[PDB]
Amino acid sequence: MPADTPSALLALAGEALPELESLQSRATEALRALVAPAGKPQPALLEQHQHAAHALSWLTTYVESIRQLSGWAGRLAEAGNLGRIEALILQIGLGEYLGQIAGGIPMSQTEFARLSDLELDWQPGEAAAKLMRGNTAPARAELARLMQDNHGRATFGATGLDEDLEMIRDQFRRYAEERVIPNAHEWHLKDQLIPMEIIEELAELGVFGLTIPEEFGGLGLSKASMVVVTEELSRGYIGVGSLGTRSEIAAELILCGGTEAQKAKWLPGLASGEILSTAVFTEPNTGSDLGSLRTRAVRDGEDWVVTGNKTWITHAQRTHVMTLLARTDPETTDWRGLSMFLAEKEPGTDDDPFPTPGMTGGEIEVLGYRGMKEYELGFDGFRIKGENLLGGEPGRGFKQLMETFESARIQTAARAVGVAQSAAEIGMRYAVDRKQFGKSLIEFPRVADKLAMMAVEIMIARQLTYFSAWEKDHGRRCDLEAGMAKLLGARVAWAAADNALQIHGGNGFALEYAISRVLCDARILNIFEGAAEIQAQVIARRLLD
């Protein structure tokens, strides 16, 4: 098998990459001719040709996925760590992803990105054609066997992360195994918030200030460190991972956009978990087109008064501060008129969730288990102190929010990887333990192949995510890469949960089996931090640059 000679496999992958880059360039030029025939992209043409544009985004995502998978394996080889399971992941992943470039990439279950969507043709060269045959029955069977015999390891295949990061992984995996995994079914059954004891435990471990500078009471750790924490917490339960994301994003928003006084006032309390935050952006009629939002903030002396409706707000009851985006210029309808507020409020109780004056709200009944809950909120004369307009100058809120998009995308990808990993582990356990026709289910290729493809796609998404974090940790622009990781990761997690449920048969629908909950968790990933359609749009516009 090709995996028997990993050095030859890496060499072929390097030989094949140039034609994939050329393909992406032809695709980009083709899109430009459709949507920007005179130079400037025309909105009506971008809209008409949206399928082709998003096909460019997904094609590019697959080229970068191939680049990062090959790079991962190359760095393992340099370290002497390109072992059999990893070589099979490389073989199968190159085979499958090249094959989908040639035959169709699923943007959604029924929308495929095909080369014909941009009138492109690709005749694979010798190396690419050979690699394209790598996703074989024997390779998948062997991969599934090694997954079964992976006892003791936290991932299917070495990740290539350095030792300090894998020790962080092991710390937060032990936490999830002790305090999250044994308890999530009870939380679901009781329809209850993640217990405050979990928040307090994570706060003492430094989760809420992991990446906040030490000057403000944080740990000053890398974004890669936060990815690993988030992946492991989310493997336990996505909402536990999102507790850490919310603090990390609010803190970046303030670090990048706040006055020095705001940094000193807010960051220590976020870092200790004494101040819990959530984002208050979405409105009943405005979600994807956030620049057009309608909640208004009106001056009253040196302070502000807010009126409007917000919805889909996570963790709205227990938080002390809302990063609240409102329109401060009534003569505007676009992003320029927006300001961001650190809207302090009093945490509520189950029977009195919104005691602060001028604020009302109610829980939204949501599919699955939502451990921070989501809420509709009404603001009617809600007061915000002048000193809590972030940065002090009105009309900068949307640019301040955009400064958080790299991290938000990275953290959504990290959550997706953790959810996907949970689905694969749950599926594997059932496939080994469940007997049918006189043997474990994993002996049947339709079961084992599902698990093999999970391990491959999880590693592809993981390496895209880790590359994005690497770039961010070096201070380089990484919005494209982080967006690709978010786009691919959400799909990978959804497919992994869907196919893990299949392995369970009828038991996959029983609430007693965790996969029923994991399915619902995975489904939110391509919506809750922005729809995949919009993420593909933003990537395509950047690629035309």
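The first residue of the shown sequence is 1; numbering continues from there.
- In this entry, 205 to 213 shows the higher mean Cα temperature factor of the pair 205 to 213 and 135 to 143.
- For the pair 404 to 412 and 162 to 170, the mean Cα B-factor is higher in 162 to 170.
- The PDB entry assigns the greatest CA B-factor among 449, 96, 457, 344 to 344.
- The residue among 357, 106, 287, 157 whose C-alpha carries the highest B-factor in the deposited model is 357.
- Sorting the modelled residues of the chain by their CA temperature factor places residue 512 in the highest third.
- Sort the chain's modelled residues by C-alpha temperature factor and residue 499 lands in the lowest third, per the entry.
- Among the modelled residues of its chain, residue 363 has a C-alpha B-factor that falls in the highest third, as given in the PDB entry.
- When the modelled residues of the chain are ordered by C-alpha B-factor, residue 251 sits in the middle third.
- In the deposited entry, the Cα temperature factor of residue 198 sits in the middle third of values across the chain's modelled residues.
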